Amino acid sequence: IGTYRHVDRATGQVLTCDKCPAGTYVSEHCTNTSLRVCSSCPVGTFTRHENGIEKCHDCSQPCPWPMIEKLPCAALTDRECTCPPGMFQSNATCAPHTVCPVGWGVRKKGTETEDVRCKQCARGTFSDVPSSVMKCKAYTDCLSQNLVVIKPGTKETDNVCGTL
């Protein structure tokens, strides 16, 4: 664990104290006859690193709705805000991901910062349900089924498999 220099109030001695670990702050500096004492950051506050400071940092303001916390305000971390799952950040706030319609599928997964990116199902694949998550699905392989295609698929529906 690292150290820091401190000027001792009563004697003017410059001491080398031990740092306090992340999550605590120095509640009493060392002196020439005693170790520094660390205390844990009070609720509302944090320190991210081993430090020599006498108060913990205040955590940021609560997340503005509909945003939620992906990290809490805890001893070691400020809160960290995010658009909840299924939404992404645009400018001010959060907006629901695009829903890829039937006949389209996700090409790029939506994130907390970017929207879903849809593409038309390519030939041989289909998507039969609106979804901001699912990808185009390959047709059932009628060949390796011992069957043949009774009815072709579309970008929206699987091909239908059978015989005669």
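Numbers follow the displayed sequence, beginning with 1.
Across the two stretches, 107-115 and 94-102, the PDB entry reports the greater mean Cα temperature factor for 107-115. Between 31-39 and 135-143, it is 135-143 that carries the larger average Cα temperature factor according to the deposited entry.
Per the PDB record, residue ranking by Cα B-factor puts residue 62 in the highest third of the chain. When the modelled residues of the chain are ordered by C-alpha B-factor, residue 50 sits in the highest third. Per the PDB record, residue ranking by Cα B-factor puts residue 26 in the lowest third of the chain. When all modelled residues of the chain are sorted by CA temperature factor, residue 122 is found within the highest third.
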